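In the working numbering, the protein residues as written are 5 to 119. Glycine residues also receive a C-beta, built at the ideal position from the N, C-alpha and C atoms.
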């Protein structure tokens, strides 16, 4: 509350560390469904159904331009990529499996870097 604060966690490295995580997600072999925005002209249903599209290149641009206020808003966009994927793709599909795999890979790096 006013004039009452928990001890200050060092957040000076968070930007660099989120960039590293994102590099690792970008270079994963199952990243291909997520590298670029879904083409809303060429994929019927996507625009109407997925209210907030998100992809790794859009996260990279937001990160590089100071549009993440903190590490949690960064994790929310990464998770949005996978939540979108599950909303639109059957579990038993190449893309549906890719999304589960990448969400696992992410959540481990996240815990190991920050928790």
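Counting C-beta pairs closer than 8 angstroms gives three or more between the segment 104-116 and the segment 25-35, which meets the contact rule. By alpha-carbon distance to residue 85, the top candidate from 52, 57, 43, 30 is 57. Here the alpha carbons of residue 19 and residue 67 stand approximately 8 angstroms from one another. Excluding the 5 residues flanking it on each side, residue 90 has same chain C-beta neighbours closer than 7 angstroms at 103, in chain order.
DSSP, read as helix, strand or coil, puts residue 25 in helix.
Going by beta carbons, residue 80 and residue 61 fall outside the 8 angstroms limit. Here the alpha carbons of residue 6 and residue 92 stand approximately 45 angstroms from one another. DSSP places residue 13 in the coil class of the three-state scheme, outside both helix and strand. The continuous alpha helix (DSSP H) containing residue 99 extends over residues 98-118.
Following the DSSP letters along the chain, one finds residue 65 inside the alpha helix (DSSP H) bounded by residues 60-68.
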